[PDB]
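Inside the fold
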Amino acid sequence: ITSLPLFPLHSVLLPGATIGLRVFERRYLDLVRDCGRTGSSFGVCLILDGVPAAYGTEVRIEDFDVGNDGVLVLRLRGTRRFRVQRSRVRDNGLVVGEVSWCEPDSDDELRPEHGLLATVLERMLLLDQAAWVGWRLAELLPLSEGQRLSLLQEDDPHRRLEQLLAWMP
């Protein structure tokens, strides 16, 4: 198990997907500078405070950028998924969690019942990987944050596509 700093977002970060995070608070800025020095990463968890969710996504910091307004914008991309075994909160507000990593996304070719699920993805604007088409349709399709959290919790690419098929409009 690994202790990983958790960043609270009102939306889950799917693996491979990208988000831009404006970091300007004194606690979040000092953590990124420390993580940028140590090399250790952090994770993004969907919150429910009105405590993170049980599953989160490790980020890779793709691009730094200090805007003309002085605010630092982070280009984050989802890498590995983790489970929050337990979490604590420091006095400043930053939340650290003891996490266990998930098995990486397999390259298993999609099953015959999911081949059409790849054709509907290609229309929207290599691909025969079930975990890849699963993470991509979940991002493009207008799913609720709860539905995207349930996909994150599911650790099997094919069962992910089976319930992603139910939530399809």
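Residues numbered from 1 in each chain as written, not as in the entry; some residues may be left out. Heavy atoms only, no water. Residues with missing side-chain atoms left out of burial classes, pairs and counts.

This deposited entry lists X-ray crystallography as its structure determination method and 2.8000 Å as its resolution.

As paired elements, strand β1 (residues 2–9) and strand β6 (residues 95–101) share five bridges and run antiparallel to each other. Bridging across to β6, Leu 6 finds its partner in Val 95. The sheet contact formed by β1 and strand β3 (residues 43–47) spans four bridges and is parallel. Note on β3: the bridge partner recorded for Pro 8 is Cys 45. (Pairing = 2+ DSSP bridges. Helix = DSSP H or I, 4+ residues; strand = E, 2+ residues; numbered from the N terminus.)

The subject of this paragraph is the packing of helix α3 (residues 130–140) against helix α5 (residues 157–166). At a closest axis distance of 8 Å, the pairing of α3 and α5 adopts a crossing angle of 35°. Between α3 and α5 lies a crossing whose hand is left-handed. Across from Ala 130, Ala 131, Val 133, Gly 134, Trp 135, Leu 137 and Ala 138 in α3, the residues of α5 making contact are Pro 157, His 158, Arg 160, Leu 161 and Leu 164. Its residues assigned to classes, the contact of α3 with α5 shows nine nonpolar, two polar and one charged. (Axes fitted to C-alpha atoms, helices over the stretch in contact; angles between N-to-C directions. Left-handed = near helix turned anticlockwise from the far one by under 90°. Contact = heavy atoms within 4.5 Å. Nonpolar A, V, L, I, M, F, W, Y, C, P; charged D, E, K, R; others polar.)

So, about the pattern of salt bridges. Its salt-bridge partner being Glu 154, residue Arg 159 comes within 2.3 Å of it at the nearest N-O pair. Among the ionic pairs, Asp 156 bridges to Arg 159, the shortest N-O distance being 3.8 Å. Salt bridges sharing partners connect three or more residues here, namely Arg 60, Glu 62 and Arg 77. (Salt bridge = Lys/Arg side-chain N within 4 Å of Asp/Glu carboxyl O.)

Here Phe 7 and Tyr 28 contribute two aromatic rings whose centre-to-centre distance is 4.9 Å and whose plane-to-plane angle is 55°, an arrangement assigned as tilted. With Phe 7 in strand β1 and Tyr 28 in helix α1 (residues 26–38), this pair connects stretches of sequence that are 21 residues apart. Seen from their ring centres, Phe 7 and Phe 42 are 4.1 Å apart, and the 25° between their planes marks the pair as stacked. Of this pair, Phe 7 sits in strand β1 while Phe 42 sits in the loop between α1 and β3, placing them 35 residues apart in sequence. Taken together, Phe 7, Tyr 28 and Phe 42 form an aromatic cluster joined through their ring pairs. Sitting over the ring of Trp 101, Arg 80 keeps its end group 3.7 Å from the ring centre. (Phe/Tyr/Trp six-rings, centres within 6.5 Å; stacked < 30°, edge-to-face > 60°. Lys NZ or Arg CZ within 6 Å of the ring centre and 35° of its normal.)

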